[PDB]
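Tertiary structure, described
Chain by chain, the residues run as shown.
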Amino acid sequence: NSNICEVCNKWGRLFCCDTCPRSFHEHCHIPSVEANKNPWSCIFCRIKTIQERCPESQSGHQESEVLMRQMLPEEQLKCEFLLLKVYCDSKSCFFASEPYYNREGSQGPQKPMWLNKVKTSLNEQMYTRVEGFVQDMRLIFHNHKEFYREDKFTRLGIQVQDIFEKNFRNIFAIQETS
Ligand SMILES: [Zn+2]
Ligand SMILES: [Zn+2]
Ligand SMILES: [Zn+2]
């Protein structure tokens, strides 16, 4: 196994996957690394199994159909994995915890949103469809773009949204387009 957390790239108290060489901090893995379970298989491995069990699941899909899916166990897992892929980028630090808004010339968003709030919402099974998770994730970056206006810091929202969107298209096998 690797000697650093796959998510935050630091050492520490690491749980090792039994079926691949990745390792994780307890609360860096999503869901949080399970108490017992020997062997234990990481989210990466669980996602790869879904694909291997249903190879056709990799055929292209329309985004509108994916969004309307109910949050059955496989879709719950796919959203958890997508969330984890965003935390894998170090720039997610800006979006992880609860924001506050006091900048001359700007007003805070009407509906603040942040990664740890989406993480709790997934853990608490608050989303009934994929659409609820995706809308909160896109709202994080939209709020950031609107608040920061012409400040160059706006770019951090574009960057992390691009990580989200690329991983959304990969994990949910969205049909490739020009
Ligand atoms: Zn970590
Ligand atoms: Zn694994
Ligand atoms: Zn099948």
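Residues numbered from 1 in each chain as written, not as in the entry; some residues may be left out. Chains lettered and ligands numbered in written order. Heavy atoms only, no water. Residues with missing side-chain atoms left out of burial classes, pairs and counts.

The deposited coordinates, according to the entry record, derive from X-ray crystallography at 1.4300 Å resolution.

With that settled, consider the packing of helix α3 (residues 73-87) against helix α5 (residues 115-123). Across the interface, α3 lies against α5 with an axial gap of 11 Å and an inter-helix angle of 160°. Classified by the angle their axes make, α3 and α5 are roughly antiparallel. Judged by the twist between their axes, the crossing of α3 over α5 is left-handed. Residue-level contacts link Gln 76, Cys 79, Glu 80, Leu 83, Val 86 and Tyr 87 of α3 to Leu 115, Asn 116, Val 118, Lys 119 and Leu 122 of α5. Of the residues assigned to the contact of α3 with α5, the class counts are 7 nonpolar, 2 polar and 2 charged. (Axes fitted to C-alpha atoms, helices over the stretch in contact; angles between N-to-C directions. Helix = DSSP H or I, 4+ residues; strand = E, 2+ residues; numbered from the N terminus. Parallel < 35°, antiparallel > 145°, perpendicular 65-115°, else oblique. Left-handed = near helix turned anticlockwise from the far one by under 90°. Contact = heavy atoms within 4.5 Å. Nonpolar A, V, L, I, M, F, W, Y, C, P; charged D, E, K, R; others polar.)

Judged by nonpolar contacts, the single largest core of 46 residues is most densely connected at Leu 83, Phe 133, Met 137 and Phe 172. Ranked by residue count, the leading element in this core is α3, at 8 residues. Structurally, this core is a two-domain feature, drawing no fewer than three residues from each of domain 1 (1-59) and domain 2 (60-178). (Core = buried A, V, L, I, M, F, W, Y, C linked by side-chain atoms within 4.5 Å. Buried < 20%, exposed > 50% of the residue type's maximum accessible area, 1.4 Å probe, protein only. Domains from an automatic or database assignment.)

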